[PDB]
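Following the authors' numbering, the numbering of the sequence shown begins with 1 at its first residue and continues without gaps.
For every residue, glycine included, the Cβ atom is placed at its ideal position computed from N, Cα and C.
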Amino acid sequence: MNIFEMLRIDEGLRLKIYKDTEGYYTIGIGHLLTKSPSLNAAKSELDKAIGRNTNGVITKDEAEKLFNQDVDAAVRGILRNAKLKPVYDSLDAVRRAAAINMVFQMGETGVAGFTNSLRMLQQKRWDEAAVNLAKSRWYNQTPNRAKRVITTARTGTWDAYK
Ligand SMILES: [Cl-]
Ligand SMILES: [Cl-]
Ligand SMILES: [Kr]
Ligand SMILES: [Kr]
Ligand SMILES: [Kr]
Ligand SMILES: [Kr]
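Have a look at this one:
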């Protein structure tokens, strides 16, 4: 397992525009297109992202391409963030995947706001971090995914994904 396989599991693969858990237009492997309630807008953002008139539908390769860019951007985002990078660098490889997943889902900003958990993660206080992480809107709105990511961060193993 790895970050790609992990997120593919959490986000799934959809080839037609869909609405995510918060109702926003998304496509592929969790590629958010827009927070706007307009399908046309979503459609315009999609054509912009792919470089052609997609008519709301994409191929699997095109979906994987956006996923790649997205994974990439997520990491880079972490590395450029002064609050995140130090935590991330202190982590082992499995745990880092958990951090990437969260950022991919909720953005750099969101995650950077988990002050208390970031510190416990940095201090290697696994159980504590896991309890603090679950005290969030995140966990309450998508609990099953949240449990997978939290277990990953808590244990450093892929057991929640096997
Ligand atoms: Cl894009
Ligand atoms: Cl969930
Ligand atoms: Kr992080
Ligand atoms: Kr994490
Ligand atoms: Kr975090
Ligand atoms: Kr954790």
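Find the nearest neighbour of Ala74 within the set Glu45, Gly30 and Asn40, judged by alpha-carbon distance. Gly30
Three or more C-beta pairs below 8 Å linking the stretch 135-142 and the stretch 63-83: no
In angstroms with no decimal places, state the Cα-to-Cα distance between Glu108 and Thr115. 12 Å
Let me check one thing: in DSSP terms, what residues is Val103 bridge-paired to? According to DSSP, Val103 bridges with nothing at all.
Report the residue from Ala146, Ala93, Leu32 and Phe67 whose alpha carbon sits nearest the alpha carbon of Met1. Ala93
Bridge-paired residues (DSSP) for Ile29: Beta-bridge pairing links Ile29 to no other residue.
Counting Cβ pairs, one atom from each stretch, are 3 or more of them under 8 Å apart for the stretch 30-45 and the stretch 127-139? no
Over the uninterrupted beta strand (DSSP E) stretch that includes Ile17, give me the two end residues. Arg14 to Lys19
Three-state secondary structure assigned by DSSP to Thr115: helix
When you compare each of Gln122, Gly28, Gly51 and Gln123 to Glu11 by their alpha carbons, which one comes out closest? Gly28
Limits of the alpha helix (DSSP H) - the one that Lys124 falls within: It is not in any alpha helix (DSSP H) - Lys124 carries neither H nor E in the DSSP assignment.
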